[PDB]
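Below is one structure, written out as structure tokens; the observations come after it.
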Amino acid sequence: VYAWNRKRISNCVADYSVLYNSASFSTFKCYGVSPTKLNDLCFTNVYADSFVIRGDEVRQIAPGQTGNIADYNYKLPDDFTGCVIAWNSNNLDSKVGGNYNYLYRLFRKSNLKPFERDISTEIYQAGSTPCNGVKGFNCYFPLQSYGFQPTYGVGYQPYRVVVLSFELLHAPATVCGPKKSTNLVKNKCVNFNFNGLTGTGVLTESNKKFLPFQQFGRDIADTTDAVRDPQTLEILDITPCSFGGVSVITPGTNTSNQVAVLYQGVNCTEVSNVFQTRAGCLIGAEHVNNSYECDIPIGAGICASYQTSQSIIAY
Amino acid sequence: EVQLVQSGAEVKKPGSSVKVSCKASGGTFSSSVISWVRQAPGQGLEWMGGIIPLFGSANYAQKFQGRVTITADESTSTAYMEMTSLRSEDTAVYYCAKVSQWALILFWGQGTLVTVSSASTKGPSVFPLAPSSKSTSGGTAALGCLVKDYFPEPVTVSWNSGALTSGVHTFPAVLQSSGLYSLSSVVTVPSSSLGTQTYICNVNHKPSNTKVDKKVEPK
Amino acid sequence: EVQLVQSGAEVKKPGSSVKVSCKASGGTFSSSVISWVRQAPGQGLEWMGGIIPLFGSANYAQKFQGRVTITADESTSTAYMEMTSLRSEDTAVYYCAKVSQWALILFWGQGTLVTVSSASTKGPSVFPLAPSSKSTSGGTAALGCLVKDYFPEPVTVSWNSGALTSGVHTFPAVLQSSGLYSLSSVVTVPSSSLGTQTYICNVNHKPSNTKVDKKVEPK
Amino acid sequence: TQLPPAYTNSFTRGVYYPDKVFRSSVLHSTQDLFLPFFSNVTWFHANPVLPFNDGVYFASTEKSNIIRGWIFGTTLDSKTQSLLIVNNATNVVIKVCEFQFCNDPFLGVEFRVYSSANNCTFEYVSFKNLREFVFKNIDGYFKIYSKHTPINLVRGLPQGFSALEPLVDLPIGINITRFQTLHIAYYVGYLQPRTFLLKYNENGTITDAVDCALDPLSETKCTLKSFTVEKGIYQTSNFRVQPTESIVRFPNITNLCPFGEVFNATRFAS
Amino acid sequence: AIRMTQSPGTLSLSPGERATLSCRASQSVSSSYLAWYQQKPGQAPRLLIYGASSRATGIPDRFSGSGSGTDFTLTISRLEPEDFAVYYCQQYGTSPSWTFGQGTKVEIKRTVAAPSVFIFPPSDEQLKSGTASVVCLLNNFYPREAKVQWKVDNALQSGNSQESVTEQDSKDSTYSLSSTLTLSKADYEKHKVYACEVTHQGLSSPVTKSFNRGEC
Ligand SMILES: *[C@@H]1O[C@H](CO)[C@@H](O[C@@H]2O[C@H](CO)[C@@H](O)[C@H](O)[C@H]2NC(C)=O)[C@H](O)[C@H]1NC(C)=O
Ligand SMILES: *[C@@H]1O[C@H](CO)[C@@H](O)[C@H](O)[C@H]1NC(C)=O
Ligand SMILES: *[C@@H]1O[C@H](CO)[C@@H](O)[C@H](O)[C@H]1NC(C)=O
Ligand SMILES: *[C@@H]1O[C@H](CO)[C@@H](O)[C@H](O)[C@H]1NC(C)=O
Ligand SMILES: *[C@@H]1O[C@H](CO)[C@@H](O)[C@H](O)[C@H]1NC(C)=O
Ligand SMILES: *[C@@H]1O[C@H](CO)[C@@H](O)[C@H](O)[C@H]1NC(C)=O
Ligand SMILES: *[C@@H]1O[C@H](CO)[C@@H](O)[C@H](O)[C@H]1NC(C)=O
Ligand SMILES: *[C@@H]1O[C@H](CO)[C@@H](O)[C@H](O)[C@H]1NC(C)=O
């Protein structure tokens, strides 16, 4: 644990179904992400940090913990995104005569910063007497052996811990789930998914001059306005599909049950009589070349009224 | 958990193509590397090729680069190895090994025995080897039976319906140029009992359902 | 756990001063009562004075009001006891005990001997005691060796290189008015063995590195 | 021996892209470790053991790529991991071994930098030119930004604006407090937690920036989120007299709390 | 492609000794993807070690793998009658590119045994089929390495002899070799003397047994 190993996983695809469906783990706790979502997500990198502790210390491998393990051996940051997985390894790390291979730092001069490793074996100075590399009084060897034995209790048996840190940076994603990518469909309202970033909208070819290190652009509201296609490295603009209010133009139900409908601010192609106003698309109203007083206001100088065989007209 | 089961053993005439299957269980098929390993009789293991079902891009050894085609099917979790233009040297056991990306261990199938023979089922031919009355090795003689021209394997050879077991050396069969197997089974007995004890070799060939009990006598 | 370690033994001439230190490990030093306890040779334990390092106000026993100064340094976690104008009566073992405010248990040091004497290192003088030829106690006569005018302690007395152990009594040393320790070591043997068995007392004084082997004979 | 130091005005140099998100035609406010405008950069000729602090802006006006690498660490005496970078042109030899650096490491025209290299937990391999760099170490990850521009001036840094792209991010997980340069006129400014108001144009280039703590006018510009300020009076910040020292006043108590007889009693009650 | 070569080709030891097999990789092979298989004759390969150091399920603790880089070693601390089989080292990975070692066989170390040479004239009923087979038997010899040649009328014969070798018997630890010389009936009658010469370590001089065609 004091010299925890870190492997870098990059440029690969992992099916995490085999992971969270495994019964070999006693602890499986994800932070910032769900275990079942990992197959739908892509990450810039993954860091698999592996080590051994004892059972009573597994709780210390978690964001916002304190103790010997957390303070002196392995500290997870508060904004940690990842998954901590621990499983009992009594059959592997316990010897009858005592397994002294595994050590943990028992004293340190301060706390470790997140994802910081200390392998120094300098003799710890517990007081004001310098040790000069020799044990004695107020001088300790900073590392203490676990000495796992098969007869130990559950809280002292050895547990193997792997922490998977999923880096979600702005760089191109290189670790993904086993999700097959469909073809790119443009000019249509679709539900899209780029490197695990999901959304709904219309994708169009863009003239934005992305720099090589940029993978997406954001708007003022912090919404992804453009993306780089991970396979054919082209920039795509993402726009909301089409939306707007729907107004019903009616004479009194005493007068008639016939109504017209205004789709506000929508072209007469996203949606009898269809009339393109500056207020939107008007359906069910007969446009007339005559001009009368405003009866029901539509907007932009356009008003609607029920007139003579009788129908709703716009003018 | 994980378990691989291959198709049944095959007997194919030369010039045809075989397609051995390998059905995997445990739900680790897509994210695994599944390879085919060929062992010719009496020879070490040989790696033919492999494939990752997620990607579907099979890789083969240069020796088997062209003659073999390996495919994977996730929807049914099955790997297929197809060998075309079978030859006499292709008679071998084909295993399918599997390595998950979450484990360093390897999972093996039970093996698929493929026999590339142009002949058909045939009963054994038994010829006794009459011991020589003068070529005695210090008072001990050897006598046996030569089983020849039989197919397919295996055949069981016993002495006096299993009464005699000591000194019996049933040599392993060999594939002759004619496509029919042959072996020699001998036993060592004292030379003084050549004219006293009667020895009969019993040969059983279940595929041909042939039983032959032939007596050995001094020349 | 909590451990107290004192300075080494001290030898001081009368009129000088000594300062015994006591280092504590365990982090309980600041919030404890550290006290000094003096045991003169052959006398009971005697509480000199104590101090709470967190406050720094020492409290001494009425007998040690003026001649003792007790201090504590939290930065080094060390308690010092300084005695000035050392007298011959101050030759004693000084322990440092400690009581934390979180426990009722006591933590003691290993004890530091402070010897206040004027005489310097000196070799021993051995004088045998000739057993009386007529004052026999029922056939048993006692004989021994008197080791006198030696300093500092200790000395080891053996008989016949340790061959004689039963009936041997090595009396404890006593401090003479001259500052030199002295003792007598005796042993009782049958009177019939006075003229038969030869007895030699070996006296060793390591600080002076002096060994004397003296034979005892009847007068 | 080593040449004496020197000082220069940094003008507006030292700006880098805080992130890789594309933005165009916008004024974006970012709090990050930046080189303050018109700062006092140390100028050296060709290399002592400079500190690191919160991060280092580096600059080198070269024509033959003399300066090649750097060293990072705390003691740099093989008692702790030290990050050695040999980033020259396009070849990088990054290592984090427990190097035992020599008294005066140098590179010949020959590779004699460290005497020992054990327990390498990481190893990564891949008119004048002004090469500008930004180095920092946050959360165990070492970030490096860079930008190389052709300039024609040797007296001092050019009076103009140019942005630094992000290049490298290493998982060293090392404590860095000191650093040094490796050779075969360079400037060393220090980064501080400054707020900047960057201007992205139609092509996404940061063509201008305002240092929000340089002067009251820049504070006004950042408060208004605009590079142009009209005539008027604008409330830009708040003023507070910061405390000078800390005072503790506890009662004059001379007794220890008898917690021993509670936590160390022979028999606790029912 | 990476080539895995084992050593020694054949290991001869006695039960209770220490067996050490080595595996050389032409390139730097990750130690995480090295496996050791044990194959007894007539059985599918049995995995012993994976990861170059991990014992599989039910593997006795006397088996132990180690090594790195280009050298990987299997160390059977105490051989047992069950620990005599052909051992392979496999280099594999998470990519479809694996290789195997040529195989190392561990056999019983026994005193040299003198072969017993027998020659059997072909049976008449077999001659009735037009094929004549001459059997030369080397019974209870050790080590396996032996040379057998067919001399017909003092003429060396090649391309017409087939040899079968039995496994090392668990009782006497001696091998057996059967050499069969198959010829046509017409060619069989063209010669009178048929002999097989045996050269072996346990024989001071080559031993040849011969028979005359048609003799009793
Ligand atoms: C990184 O290393 C520096 C230098 O060794 C550490 O700063 C020292 O901190 C100790 C106490 O923590 C002080 O006694 C020293 O005076 C400091 N040295 C200097 C040069 O300032 C720093 O604490 C280390 N950081 C971490 C997180 O361990
Ligand atoms: C409908 O309106 C007309 C006049 O606008 C009115 O006369 C009539 O009563 C109304 N109908 C009802 C049901 O109130
Ligand atoms: C609606 O779309 C068509 C073509 O898509 C366009 O010609 C027309 O101008 C649009 N409507 C308005 C009001 O511009
Ligand atoms: C209005 O008149 C114009 C002729 O200028 C004609 O094109 C148009 O169709 C007329 N509008 C309607 C609603 O008939
Ligand atoms: C930089 O600081 C030095 C002293 O530290 C000072 O002499 C020099 O004038 C400063 N330079 C500028 C441009 O302020
Ligand atoms: C490297 O680290 C190991 C433990 O992590 C330690 O035993 C060894 O001494 C270190 N290397 C050196 C050269 O000290
Ligand atoms: C963006 O690039 C084009 C390419 O020619 C150029 O014309 C234009 O001026 C650039 N934008 C700005 C703001 O300079
Ligand atoms: C605290 O009390 C002590 C006596 O117990 C006295 O000597 C000291 O002067 C006092 N300090 C203050 C600040 O009152």
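Residue numbers (PDB author numbering), protein chains in the order written: chain C, 347 to 617, 637 to 673, 686 to 692; chain J, 1 to 219; chain H, 1 to 219; chain A, 22 to 67, 81 to 143, 156 to 172, 186 to 243, 261 to 346; chain K, 1 to 216. The C-beta atom is built at its ideal place from N, Cα and C for all residues, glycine as well.
C-beta contact flag for residue i and residue j at 9 angstroms
i, j, result
"residue 369 of chain C", "residue 384 of chain C", "no"
"residue 274 of chain A", "residue 51 of chain A", "yes"
"residue 92 of chain H", "residue 109 of chain H", "no"
"residue 107 of chain A", "residue 460 of chain C", "no"
"residue 615 of chain C", "residue 667 of chain C", "no"
"residue 54 of chain A", "residue 269 of chain A", "yes"
"residue 31 of chain A", "residue 263 of chain A", "yes"
"residue 141 of chain A", "residue 131 of chain A", "no"
"residue 82 of chain J", "residue 40 of chain J", "no"
"residue 421 of chain C", "residue 462 of chain C", "yes"
"residue 184 of chain H", "residue 129 of chain H", "yes"
Residue interval of the alpha helix (DSSP H) (run including residue i)
i, result
"residue 206 of chain A", "No alpha helix (DSSP H) contains residue 206 of chain A, which is instead part of the beta strand (DSSP E) from 200 to 210."
"residue 292 of chain A", "292 to 300"
"residue 438 of chain C", "436 to 439"
Contact set between residue i and chain C, taken where Cβ atoms lie within less than 9 angstroms
i, result
"residue 27 of chain J", "363, 364 and 367"
Where residue i meets chain K, residues with beta-carbon distance less than 9 angstroms
i, result
"residue 202 of chain J", "Chain K residues near residue 202 of chain J: none, gap ~18 angstroms exceeds 9 angstroms."
Where residue i meets chain J, residues with beta-carbon distance less than 8 angstroms
i, result
"residue 209 of chain K", "135"
Buried or exposed by the 16-neighbour rule on C-beta atoms within 10 Å, applied to residue i
i, result
"residue 215 of chain H", "exposed"
"residue 358 of chain C", "exposed"
"residue 34 of chain A", "buried"
"residue 522 of chain C", "buried"
"residue 136 of chain K", "buried"
"residue 265 of chain A", "buried"
Residue from the options whose Cα sits closest to the Cα of residue i
i, options, result
"residue 147 of chain H", "H:165, H:112, H:47 and H:122", "H:122"
"residue 102 of chain A", "A:190, A:236 and A:202", "A:190"
"residue 136 of chain J", "J:201, J:15, J:17 and J:218", "J:218"
"residue 124 of chain K", "K:113, K:133 and K:102", "K:133"
"residue 9 of chain J", "J:177, J:206 and J:111", "J:111"
"residue 645 of chain C", "C:593, C:599, C:394 and C:552", "C:593"
"residue 200 of chain H", "H:159, H:76 and H:64", "H:159"
"residue 80 of chain J", "J:12, J:19 and J:151", "J:19"
"residue 70 of chain H", "H:3, H:115, H:34 and H:153", "H:34"
"residue 436 of chain C", "C:498, C:556, C:456 and C:669", "C:498"
"residue 532 of chain C", "C:348, C:586, C:392 and C:491", "C:586"
Listed by chain order, chain K residues near residue i by CB distance under 7 angstroms
i, result
"residue 128 of chain J", "123"
Within chain H, partners of residue i - CB distance below 8 angstroms
i, result
"residue 483 of chain C", "3, 5, 23 and 25"
"residue 328 of chain A", "Residues of chain H passing the Cβ test: none, with the nearest at roughly 10 angstroms."
"residue 472 of chain C", "25"
Interface partners of residue i on chain A, CB under 9 angstroms
i, result
"residue 393 of chain C", "230"
"residue 105 of chain H", "336 and 340"
The beta strand (DSSP E) enclosing residue i, as first and last residue numbers
i, result
"residue 664 of chain C", "661 to 664"
"residue 19 of chain K", "19 to 25"
Neighbouring residues, chain K, relative to residue i (Cβ below 8 angstroms)
i, result
"residue 219 of chain J", "121 and 216"
"residue 108 of chain J", "44, 45 and 47"
Neighbouring residues, chain A, relative to residue i (Cβ below 8 angstroms)
i, result
"residue 100 of chain H", "336"
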